[PDB]
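Taking the form deposited in one PDB entry, here's one chain by itself in structure tokens.
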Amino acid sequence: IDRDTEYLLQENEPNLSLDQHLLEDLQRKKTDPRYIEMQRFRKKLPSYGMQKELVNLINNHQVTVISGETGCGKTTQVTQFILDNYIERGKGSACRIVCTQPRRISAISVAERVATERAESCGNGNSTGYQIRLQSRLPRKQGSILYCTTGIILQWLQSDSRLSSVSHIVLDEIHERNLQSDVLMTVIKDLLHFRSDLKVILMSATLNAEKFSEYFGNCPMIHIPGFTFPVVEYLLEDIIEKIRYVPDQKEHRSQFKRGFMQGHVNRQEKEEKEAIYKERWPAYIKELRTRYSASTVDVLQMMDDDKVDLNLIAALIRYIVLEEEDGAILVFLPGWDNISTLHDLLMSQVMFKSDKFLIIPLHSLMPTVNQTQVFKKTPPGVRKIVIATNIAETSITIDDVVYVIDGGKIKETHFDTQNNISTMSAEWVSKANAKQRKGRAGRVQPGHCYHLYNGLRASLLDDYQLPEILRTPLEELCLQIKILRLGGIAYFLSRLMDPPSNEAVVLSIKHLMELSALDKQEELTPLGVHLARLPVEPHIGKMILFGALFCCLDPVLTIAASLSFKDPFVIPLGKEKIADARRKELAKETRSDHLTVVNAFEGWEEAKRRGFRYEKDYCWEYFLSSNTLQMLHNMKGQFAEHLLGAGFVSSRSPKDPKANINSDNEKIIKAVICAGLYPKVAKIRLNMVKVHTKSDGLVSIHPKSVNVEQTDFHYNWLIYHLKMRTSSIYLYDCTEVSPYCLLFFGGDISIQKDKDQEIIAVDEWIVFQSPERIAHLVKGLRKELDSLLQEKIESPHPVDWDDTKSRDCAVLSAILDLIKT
């Protein structure tokens, strides 16, 4: 059933006796010192001045766009303006306001900020609360504001597709162009025709907010103006000159291989622009030598385009602290790895270890609230340094920021449709992002923004980042569209504000079919309904889903985490060869790059029990990035409580013993890997080591692979996750599997005979010898599992592996028996 439907399932029932209660409470608030102090902060915001022009536009029209500068008050104020208007007109009980957020933490932290501005507690029957998935602090039924995530709304449309209890819906941060926000807009636009009463407010940062107006039929639009002080900008040349930066010698040595050998993408029109860059480079350097010292130019020539130089940021921070006037510094970094690294770099220095600095890492997976004291002001003499990702570009505003360090990089998903490769990587900011970052420094006074890219690069940046719909694989979206009965997949996507390419759509639908999430009429299978309940890429979904079904949870979640993000191995330059020997050491006899990660991870936990010296000694002698290991560990946790939500495990812990009974069985883990990586399958050529593919002919093994020199495989088949082309095609990480694993989790099953041999074909190209009875057997077992999955839709509960006679243990045990041939 559904546990997060309670604010939605209450009926909107206005009550004049509550209309009076809310208005009397409104004037007792006016006497409360906590309340008046918060009101003095609110009147300073530009939104306050426009308070009633905004509410008149909202009240006269059904769809409204509100643009404004960042920090003007959109997220925290507009809901209050609506609610307080209805209160003041004695119509308070009629207000049920829903405000969608892009991230859980936003929903929570905003609800808590708003509740303290109303001088109330959050939830507990007061005016404001939040609902995220699995966790809520709900306000009262009527006259209330609810902060939720777009994910919640999408679940809500399963039980009430008209959202009839809700009076006003506010779509926040829509300029971020998240997938979910983009489809929600399209759903909402069609809803308007059936809900005369419903009011919709779209809230966007100023840039291109007209586009949303035009998608909605040229709805009214209103801009909240703000003032930003002028900001001095600096490119890399300027920073290098100002601080006379010199990279370290003894630090930089034994540099960490990447590009092809750690598996990067290098798409089509990045290379076209990068051909422009290397052609304009000599002329740019010669020019620079006229305006900058020789040493500045010598350093810049040597700068690495791939990584953010965290030592330069550390230097630059130190210069600002010592040479510039008071003011908080804000640092923009691509992701969590760099944030914690920079943090550790700073506080490895005795200067910053003082109480005259407040150094705050800030990111979306951060615990609790933003109550971390990001917002609190520093007394004179103490300097606040905030190290963040792009969520401080628009979602969050720190008022006292005066210096902004823009690392120049942002993490983007990307998807190449011609060779069918989906990557995530650090990419250059756009001009639009760079302009938003610069503005965070002009909020209270004249500021400074230091961009870590050179003049040549600045001129070649893209003007805007592309919406995720145009660069992200579409499989999760497509499951949402059918679970919501929105109709044809391709047809619906074509109606989006920015419709995806048709090849992206066809590739995603094919993938869901090969995964058995859709049948060949493009309709949900029992398995697909469960995959849609998981907020992960479906292939990762199927794998972690079966890791719970087959009771091998802990190693599966590890592999799933590494496929989702990346493996923990690093190769220092020149140390390639002995690093390969340690990798194949961890491989033991598995013939599996995936079980290597598992062995490396399991070794790491037992090593961290034995103390730092033995743990650091481990990551060193076996070449693991302990930073990477930690995030994988944390993704394991997330995957677990994903499973907890869908009802497949009874606990939030991945090492829970009841879900781990088969975790030491190599055959079974390999079956589960196969569940998620099919149809990427290769047939090994018998006695260079090369393998046949359905896609690409004869291909080779990537040299990082524990199977690259291997000639004693014990089965004929491999599965791989990542394939990449340079001069030819190479498989990155592969795992030898039995034909019986393919036969169960694979495509359509067919039988051939003639005179000589009994043959089973899977998807017609995968052909092995075995008796025809086994084919009828797997046909039967597949249908029994389908019904196990169907009947766990309506009341999901984890399989109990301690019950003998279950009819779920019976079928899965039979399936386990079959894949153990």
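Basically, rigid core = biggest C-alpha set you can superpose within 1.5 Å across the two forms. Position 1 is the first residue in the sequence shown; the rest follow in order.
FYI, the form deposited in another entry isn't displayed, but the following is about it.
inquiry  = Quick check on the comparison between the shown form and the other one: with the core aligned, only one of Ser651, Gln445, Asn420, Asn178 should show a Cα shift of at least 2 Å. Which one is it?
reply    = It is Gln445.
Residue shift check between the shown form and the other one, rigid core fit, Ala458 Cα at least 2 Å = Indeed, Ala458 is displaced by 2 Å or more.
C-alpha of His721 off by 2 Å or more between the shown form and the other one on rigid core = For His721, whose C-alpha is compared between the shown form and the other one after core superposition, the shift is less than 2 Å.
ask   = If we fit on the core, is the Cα of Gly747 displaced 2 Å or more between the shown form and the other one?
value = False for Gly747: its C-alpha shift is below 2 Å.
inquiry  = With a change of at least 3 Å, which way does the C-alpha separation between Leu534 and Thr368 go in the other entry: closer or farther?
reply    = So the answer is closer.
task = Could you tell me whether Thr368 and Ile544 have their C-alpha atoms closer or farther apart in the other entry than in the shown form, knowing the shift is 3 angstroms or more?
result = Between the C-alphas of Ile544 and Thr368, the gap narrows in the other entry (3 Å or more compared with this form).
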